[PDB]
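One letter stands for each residue in the lines below.
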Amino acid sequence: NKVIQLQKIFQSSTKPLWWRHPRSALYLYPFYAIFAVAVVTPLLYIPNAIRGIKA
Amino acid sequence: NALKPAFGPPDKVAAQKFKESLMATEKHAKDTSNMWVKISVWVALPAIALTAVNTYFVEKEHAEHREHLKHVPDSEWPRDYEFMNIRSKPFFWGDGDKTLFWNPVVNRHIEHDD
Amino acid sequence: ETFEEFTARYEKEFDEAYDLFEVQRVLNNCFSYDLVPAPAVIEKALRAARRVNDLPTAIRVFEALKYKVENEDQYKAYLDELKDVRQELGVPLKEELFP
Amino acid sequence: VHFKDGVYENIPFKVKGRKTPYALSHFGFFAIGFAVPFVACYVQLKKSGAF
Amino acid sequence: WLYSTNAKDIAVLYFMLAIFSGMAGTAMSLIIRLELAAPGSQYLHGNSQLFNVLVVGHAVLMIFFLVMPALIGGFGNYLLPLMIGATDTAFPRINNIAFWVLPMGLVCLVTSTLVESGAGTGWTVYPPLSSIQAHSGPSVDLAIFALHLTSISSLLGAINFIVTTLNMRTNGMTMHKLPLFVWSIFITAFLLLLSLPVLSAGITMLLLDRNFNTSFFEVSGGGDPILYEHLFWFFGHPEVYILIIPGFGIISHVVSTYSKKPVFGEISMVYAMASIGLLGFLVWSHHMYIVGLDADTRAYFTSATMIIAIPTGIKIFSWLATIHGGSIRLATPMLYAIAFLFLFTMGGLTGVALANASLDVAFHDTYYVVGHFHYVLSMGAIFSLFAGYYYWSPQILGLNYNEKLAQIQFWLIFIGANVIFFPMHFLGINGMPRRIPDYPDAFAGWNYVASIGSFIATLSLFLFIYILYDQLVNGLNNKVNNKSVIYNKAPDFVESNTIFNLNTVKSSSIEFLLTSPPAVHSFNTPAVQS
Amino acid sequence: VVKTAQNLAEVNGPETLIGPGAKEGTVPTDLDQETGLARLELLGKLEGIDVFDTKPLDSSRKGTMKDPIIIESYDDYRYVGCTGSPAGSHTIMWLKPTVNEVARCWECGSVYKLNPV
Amino acid sequence: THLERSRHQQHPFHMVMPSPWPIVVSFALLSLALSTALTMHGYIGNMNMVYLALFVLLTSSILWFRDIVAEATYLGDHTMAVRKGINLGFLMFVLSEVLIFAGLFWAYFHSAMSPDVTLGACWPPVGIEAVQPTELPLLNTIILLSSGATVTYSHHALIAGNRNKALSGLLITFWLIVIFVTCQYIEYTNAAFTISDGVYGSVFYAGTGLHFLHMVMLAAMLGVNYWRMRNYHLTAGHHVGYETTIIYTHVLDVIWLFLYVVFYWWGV
Ligand code: HEA
Ligand code: HEA
Ligand SMILES: CCCCCCCCCCC(=O)OC[C@H](COP(=O)(O)OC[C@H](O)COP(=O)(O)OC[C@@H](COC(=O)CC)OC(=O)CCC)OC(=O)CCCCCCCC
Ligand SMILES: [Cu+2]
Ligand SMILES: [Zn+2]
């Protein structure tokens, strides 16, 4: 049903393929919010984990 | 013109071996798939129709069996062995939880220091 | 395979040489075998150099012949044997040139 | 690197045209890799009494 | 660029990390050998911890972060696309996670030392030494995860090579006609696949016995620590036959290029190269002869791991047959590949002496083992890594490496690491045990001989950094003067100089027919062979 | 205006390689909801001529400089192998016939021209 | 002609644009492994960073998969060899995941083939009571023999061309597997011996433990095989996202039958 419809949109899109879905703008900025926290807070506790300060 | 005559020779000998076999495999997608309808919904589903009710009745005699042990031990536990309960480095998501989900009908773990 | 089938095969390929490339690529594998080539086939290794008008690929014949002769006694008898066809074409050797 | 198969453009370095000399950024990648056990011999001795 | 999925630019990131992990993997071995210079703890003050931490910190950077990502990642992601005839790998998007988990395999290991405990467990991480009652902190928790990230990179980094070789060849490239470097890694990829899931259960079970107290290995509960000695070593002996089979691929190309001759018995060299890989599976408890196995079980292995010396003799005597007749052009890859043929084979004679169950009972955990496995790791897998870099450095980077300065880097590696690892056979034949910060006073003899050499080899490695500086800055001004060697194949005796520049590269592989450096699309047409 | 191809002959650009939409109730029947370059290989596979070549070079004759071996190239530098006049008689040697220069094959003696197309 | 041939690709194998989800999954595997080793030793206080690490990883797989289905049905470099590339790339992959069972089968033959001294001289030992194979575990074998007769009843049915058997035949197989999760949830809630029950408690929730940790992804694999077949993504001549599901289950009959014969029949 949407397979030919999306094929007009995906082919000749001149976009990155992870921006080529029409339902993709909301898929990234909350995803970049959980990505901007899950790679610092496991590492920010490492100077807390050097002095014996645990929980 | 120059340099653009044709791709190659259209011999049509490489055809009619892959195309007609797509209908032959379609036959093999028809009668072989109809060979399994006499054994999946006609044999195997009646086979579990006599097996699930065989296990619907033996489930209830064990569902009542757990109510005996969680009610009273009537003296104490039978003092389980040294390999059955181990608590070196107790668990981290809670305080002393055995796993993610565990009922005390089989996992009581009462300490016998004595 | 044998010594004679070695001679008849490479004395044949020197005739359709037609170029400087197909002399040196055929003079190479006429010298890069286990055995030592006969003077019958090396006479067509100088006539091949005359057909292509190149002299140092005829001076390099007798220098490849000098290292791969395995005996100096088997070289001077081999040098004097080729002196009949080495004085027509005027091919010097590398020691006489003193380059 | 997607395109421009030049001479220095298959390496993620910036060899020529750098603002700073390259020996700063080349020895400074390989001596820093040499000085990581010498900080494992620092924060584990100073923690454990030695110096 | 960071996340480009081109297989060429991934393998230059592989090689950019295998020297950074190299200059960390040998700076730890510097301090290890500095402490064995004299009896009494000299530089480490009195700490016998941070010495079983540095030994495991060094022995896993050398195995899993130097020789694994270079001979499989640094070359296999560059040459197996190129020599076979592919444009890039068959699975190019997972080709980028196979590199980018390796710095995440480093943050999971350098932080495993900086935490309060330090994983003093040794490279063979044994269960009751690494149990939670013995090792308490989160030190060994991260050391059993950095070994898992590399276990999962080099696992999908070998699924990337079975469905590259089996279908993505050229027209005439039949299954009997491939370069031997591809048959190295394609045989290796059938050992990386069939030994790493064995390892991944043998480490996760130790994780379960440390914070989930499941007692796979805990003695209070009947869990053996001797199950670990056959389950880790079921991975362990194929792992050390994976650091040497791509080492057997580079040497088979170098020794038959710098000798103008095809390799002796090419069909004999591909059947005796999977037979090493297949029969290497069936010998995995020769490490554990003394651990209390049966009198017939040890009688089987003392006859079965000697048969690994049957196909390795074929793969050496043919390298002494492929250079007998031909010329010899003694450049730097030929110097390494001809000292590989003397120091690896002396690490093979010490192999069959250790291979017996009747003789390992006076040699286990001594320094005679460390004399044996360093003649086949720093002399059989660095002698084929230096002979693979120098053999493909100006072809791939485009710049020549000051050949007059790479000869002095060979000799300072040859005699400056033979001085370390040859007297180790004497300290071990007396019975000096391993992993010890101090020793009895009679073992101060050769341990000062082997301490003077670790500054020799790691002065050559400081020189090798300068060769990498001379190759990138004015590495273009090397092939226009008389600094380097340009043509790795000098022409024949009757090949004229003016005809050589028409037909220059007489290679047997595509790797030199490409440009220097190769293009970002070096294959945009299906090439043909014979 | 931009129609479909439904034959190997007409391509005339990349926008004409798609197929037509199928109605609900039946599956895609391998010719309707196709994609493009996969459909392009299938459209060639629908006919009797392969789009890509799996066949060695014509290694029967040697090939002199007056009579060279012509390869069906599609760019400037199509690499070739040279394994013999019986295609098995000597060690391989890889070549690169470039634009209007020939690869000469020092061992076997075969001459190749480009035919750049 | 040649002008369109100079506008297309000349080799059948696929070339992919540079995607950044390679380093996204790599950053998740760091924050999985680093954070699962911190909360075992403190430094955080709460056990939800691992729950975060199971969320950022799995949404990174479907964003990886959203670009792949954009290549599967919307860009399409899937030729015959590239179809054979993944179909051999996955058939050779499950040789690794059937050998990890030999890293768990061989522990069961390490504590029962030779009797030990810390336990009893019998396997399973005293104090530990095992479930007979003539009980609800025998339902677990027949429900997969019925699964092995409906995954091929709907394999050829999708190629057959009719959607009445192809669409509905995969919804009845999907709920045949979620119902298999709940009967392996009974022994995770009603069996006597636990995970910490010695060596019998170790390997029994490992050999059957990893067999439970694959149905969470197999039912998640049916979760897109029904969504794509309803959104008309999958085809009847080219199906990779449907073919990897059948070989995920046709080998599962072999490993569960080898799991049933030694854990339950030989395990009493
Ligand atoms: C890949 C394997 C590898 C390599 C190369 C080395 C290399 C070296 N190792 Fe190590 N070592 C091990 C693996 C390795 N080792 C293992 C497994 C153990 C046992 C641990 C345990 O079981 O307890 C061990 C243990 C070990 C011990 C302790 C012995 C014992 O307790 O068992 C010592 C001490 O002498 C030692 C020293 C050295 C030295 C001086 C080198 C020198 O060769 C290093 C200096 C030489 C170089 C200069 C070349 C290497 C440098 C590079 C960067 C590579 C070049 C490559 C590229 C750049 C292209 N090693
Ligand atoms: C990385 C490469 C590598 C290679 C190739 C080998 C190859 C071999 N290894 Fe070694 N080995 C290691 C690395 C390697 N090993 C490591 C890292 C350890 C453990 C250290 C640790 O635990 O920390 C180890 C441990 C180890 C042990 C355990 C000792 C102990 O811990 O108690 C034993 C004993 O059986 C052994 C034997 C062998 C044998 C027989 C070979 C054979 O494959 C080699 C045979 C080769 C030849 C023999 C030479 C060439 C052939 C000939 C010229 C012709 C045939 C020969 C004759 C007829 C004599 N190895
Ligand atoms: C963490 C990273 C740290 C890296 C530090 C590593 C340092 C290693 C440096 C090695 C080096 O740079 O040497 C290369 C340099 C250039 O050489 P080239 O290849 O261009 O050819 C030159 C031409 O062909 C022959 O050079 P020539 O023969 O004319 O000169 C004689 C030269 C030879 O003697 C020696 O090599 C040892 C002293 O002696 C001297 O110059 C003495 C002058 C005081 O040759 C030299 O001139 C070296 C001079 C001495 C430098 C100090 C030596 C310390 C051991
Ligand atoms: Cu071994
Ligand atoms: Zn030839």
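Cut-off values and rules
Sequence order as written determines residue numbers, which begin from 1 on each chain and need not coincide with the entry numbering; residues that lack coordinates are not included. Numbering of ligands from 1 and lettering of chains from A proceed in the order in which they are written. For these chains, which sit within a larger assembly, all listed values pertain solely to the part presented. Excluded from the side-chain calculations are hydrogens and water; all other atoms, namely the structure's heavy atoms, are used. If a single non-hydrogen atom of a residue is within 4 Å of a molecule or strand, that residue counts as near it. Residues adjacent in sequence count toward polar contacts only when both atoms are side-chain atoms; beyond that, a polar contact is any pair of N or O atoms within 3.5 Å, and within protein one must be able to donate a hydrogen and the other to accept it. Shrake-Rupley sampling with a 1.4 Å probe provides the accessible areas, and residues are treated as covered by the protein chains on show and by no other component. An automatic or database domain assignment supplies the residue ranges for each domain. We call two residues in contact whenever any of their non-hydrogen atoms come within 4.5 Å of each other. A simple way to read buried area is as the amount of 1.4 Å-probe accessible surface that goes missing from two parts once joined, with both sides added. Salt bridge, as applied in this entry: a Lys or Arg side-chain nitrogen positioned within 4 Å of an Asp or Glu carboxyl oxygen. Ten residue types, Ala, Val, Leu, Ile, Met, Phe, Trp, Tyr, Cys and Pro, are classed as nonpolar, four, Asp, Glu, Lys and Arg, as charged, and the remainder, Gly among them, as polar. Donor criterion used throughout: N, O or S atom within 2.8 Å of the metal, extended to 3.2 Å for Na, K and Ca. Water excluded; incomplete-looking sites may result. Burial classes follow relative accessibility: with a 1.4 Å probe on protein chains only, a residue under 20% of its type's maximum area counts as buried, one over 50% as exposed, and anything between as partly exposed. Grouping into patches uses exposed residues only, defined as over 30% relative accessible area, and leaves out salt-bridged ones; the cut-off is 9 Å for like charges and 5 Å for nonpolar side chains (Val, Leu, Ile, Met, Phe, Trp, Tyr). Only DSSP runs of H or I with at least four residues qualify as helices, and only runs of E with at least two residues qualify as strands; both kinds are numbered from the N terminus onward.

Method-wise, the PDB entry is recorded as coming from cryo-EM, at a reported resolution of 3.17 Å.

Draft legend 1. Fine view of the site of ligand 3. As a structural note, the neighbourhood of ligand 3 is formed by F27 of chain D together with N402, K404, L405, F462, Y466 and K483 of chain E. Side-chain polar atom of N402 of chain E to an oxygen atom of ligand 3: 3.2 Å apart, as the coordinates give it. In this structure, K483 of chain E approaches ligand 3 through a side-chain N or O atom, which is 3.0 Å from an oxygen atom. With the chains in place, 30% of the 1,100 Å² that ligand 3 exposes on its own is no longer accessible.

Draft legend 2. Geometry of the domain arrangement of chain G. Residue and element names in this part refer to chain G. Along its sequence, chain G is organised into domain 1 (1–77) and domain 2 (78–268). Across the contact, twelve residues belong to domain 1 and nine residues belong to domain 2. At the boundary of domain 1 with domain 2, total buried surface from both sides reaches about 810 Å², with 65% on carbon and sulfur atoms. When residues of domain 1 are sorted by the area they lose upon contact with domain 2, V69, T73 and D77 head the list and together hold 38% of the total. Between the two partners, domain 1 and domain 2, sit zero salt bridges. Here domain 1 and domain 2 share four residue pairs in polar contact between them. When its residues are assigned to classes, the side of domain 1 that touches domain 2 shows seven nonpolar, three polar and two charged.

Draft legend 3. Fine view of the coordination of the iron atom of ligand 1. Only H58 of chain E (NE2) and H374 of chain E (NE2) from the protein reach the iron atom of ligand 1 as donors, at distances of 2.7 to 2.8 Å. For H58 of chain E, a relative accessible area of 17% gives the class buried.

Draft legend 4. Focus on a nonpolar patch on the surface. All names here are of chain B. Taken together, the side chains of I39, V41, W42, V43 and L45 make up a nonpolar region of the molecular surface, amounting to roughly 490 Å² of accessible area. Its place among the elements puts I39 in helix 2 (residues 37–49). In this structure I39 comes out as partly exposed when scored by relative accessible area, which is 32%.

Draft legend 5. Just the interface of chain E and chain G, in detail. Of the residues lining the interface, 60 residues belong to chain E; the matching set on chain G comes to 52 residues. Carbon and sulfur atoms make up 75% of the area that chain E and chain G hide from each other, which totals about 4,800 Å². When the buried area of chain E at its contact with chain G is split by residue, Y3, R93 and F216 of chain E rank highest and sum to 14% of it. Seen at the junction of chain E and chain G, the total is twelve residue pairs in polar contact. Breaking the side of chain E that touches chain G down by element, the ones donating at least two residues are helix 6 (94–100), helix 7 (104–114), helix 8 (139–143), helix 9 (146–159), helix 10 (162–165), helix 12 (196–211) and helix 13 (228–240) of chain E. Examining the composition of the side of chain E that touches chain G, we find that six residues originate from one element, helix 12 of chain E, more than from any other. When grouped by side-chain class, the residues that make up the side of chain E that touches chain G number 37 nonpolar, 17 polar and six charged.

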